[PDB]
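A single chain, nothing else alongside it, follows as structure tokens in the form deposited in one PDB entry.
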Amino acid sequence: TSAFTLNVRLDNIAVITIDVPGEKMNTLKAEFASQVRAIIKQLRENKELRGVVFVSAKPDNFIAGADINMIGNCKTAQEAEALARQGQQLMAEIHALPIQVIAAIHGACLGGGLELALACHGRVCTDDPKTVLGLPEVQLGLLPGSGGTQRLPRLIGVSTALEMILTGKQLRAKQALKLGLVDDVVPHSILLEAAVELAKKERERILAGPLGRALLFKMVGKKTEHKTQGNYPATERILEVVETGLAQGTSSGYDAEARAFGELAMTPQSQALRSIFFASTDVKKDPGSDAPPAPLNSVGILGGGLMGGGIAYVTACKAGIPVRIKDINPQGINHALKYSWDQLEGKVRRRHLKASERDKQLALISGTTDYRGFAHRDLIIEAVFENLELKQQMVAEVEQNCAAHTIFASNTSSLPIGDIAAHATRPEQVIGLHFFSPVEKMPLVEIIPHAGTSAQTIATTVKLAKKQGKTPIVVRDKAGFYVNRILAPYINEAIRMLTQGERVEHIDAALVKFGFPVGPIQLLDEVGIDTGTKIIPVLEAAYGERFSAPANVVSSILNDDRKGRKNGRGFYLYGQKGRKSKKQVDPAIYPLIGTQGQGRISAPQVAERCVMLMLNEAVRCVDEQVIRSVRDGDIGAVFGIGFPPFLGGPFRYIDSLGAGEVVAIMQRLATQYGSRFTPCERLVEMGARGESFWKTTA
């Protein structure tokens, strides 16, 4: 029956220990409002104090901001705005304290927690890697909504404050001190002792109030519009709330911040963003199997190059597991080792610790061509050539050169795991672990158990996958798995429009405006036309002509040796040296492939044509039990192929669009463009009945 309690010391300086009684992390619950009022009145009552400090007893963190469930318990903009204005009002009483108030921050301090630090006159933080300051409410479709949109700009400057609010990026203590956000960064032992010590103590060219700051907002607004394409409502309201707050006065802006927090909470975009946040922590909590994980003290990598280097990089640096790389090409090992060096040579940029920690993490990386240290490797990730007979040999080599409890994790793209495990002595310890290049950048992995994969090695592989910073999904051993299977018809349809007279500048721009990061064929170029088209024959024989492509388009492109960006040129130029215009848009591609049409199609009709083909294939795998749940399919496509996050995923996009309406669109598309668009066998059933993919349908 308490959360905050304060105890004054011999020197009359109060210390409020923050510790939510039961929960693992300090969150700003609705129950804390009356408590902090009751104690902040006790500070004023005595009038015999010099300073006050704020500390978080939980060693994990400081304050993780307000809980996203409290916003969900509001059915109107007035209620969401109500607790928003109540949030600013309470922290105004903290800033109005005649006593000097300091926040001592050890651990993460994000969202509403960082705002409390802004209300305090001074701040002290630790130099720990787990302490981070940020305002990530924009990532939930919302906005700081408790004083963060005005208190922060007047402390760091609008130019670098707006970055923190529009992206939600968090800063580290050494970088936080430069901006002036924290007044001092001291070790965790000195924190409180120094915090109370400080608590006892009592450019201009762009600073032009009317035009210097006016240029920033015209320039930041144009950038933010281009990056988001206007599909994120909070992005409009952050500039609006912070602009009027600085221009027309703090109090009038505070009231605009509250109204923004209110109607942003009921936006359809924000509720979609908060759901994938809830689904992300659900996946991060789900172990895929109820069996106890096997030990993972040391791992190994089969295969070299940038492919193997990426797996080894995230395995040793991010997960802290020593890894050896086995490759029979001596040159292939150096590229796998050099790639991991250049990653940790990010110490050039002000970050990455130093040679102390650079060589500490690097000492866990090693390479050899001769199988001499593999006798005790608890798990070995295979990343060699995509060939079944070669992968079967790899299985036969790890079982003979390593322990009897090792796990074979194959990074395959189009081969069934049952065929890779067909000739294994212990087929219980072989699994699919599917990464996406570039390995460091992409955050999703597909963990594919075959018919005989043990429930222990299932739980063991995901524990490693989550240790590498990846959000894994467990998908069935069917051809194409999930993320590649729902992307092949998506790319084939964009290519089929090119053969129908469309221009690539129009198509790619049409889908990034729809919500995707990059267009389908720019994606095909970046990932490689070689790799992006090697799975269309596998999915053809496994599921029929539904995954078909135009007759001889891809056959004509790479027979001209146009592999994409990996070599000289592809769908885009990449030979544009001088760089006056960024977008390459190669014009030799149009004559290379037949194109009779002359652009009848519109701008949303293009993006809808292939997203419907993708939605069709998406609900197919949840009906075939390829993905274990509809939640695994949402984050599987949101983090997998950059499905528009403001829509919540492909399955939450159907619920908002209407199961009966989407079946009518594809039946309408099928009449016009062919029978590849016909609704999924299960979607027609959901179009008849009031079926939603998610709870709380209305």
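What we label the rigid core is the largest C-alpha set whose atoms superpose within 1.5 Å from one form to the other. All residue numbers are counted from 1 along the displayed sequence.
Below, we turn to the form deposited in another entry, even though it does not appear here.
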Following superposition of the rigid core, which of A396, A375, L353, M442 is the only residue with a C-alpha displacement of 2 Å or more between the shown form and the other one? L353
Just checking, between the shown form and the other one and with the core aligned, does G578 shift 2 Å or more at the CA? yes
Superposing on the rigid core, is the CA of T425 displaced by 2 Å or more between the shown form and the other one? no
Core-aligned, is the CA shift for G452 between the shown form and the other one 2 angstroms or more? no
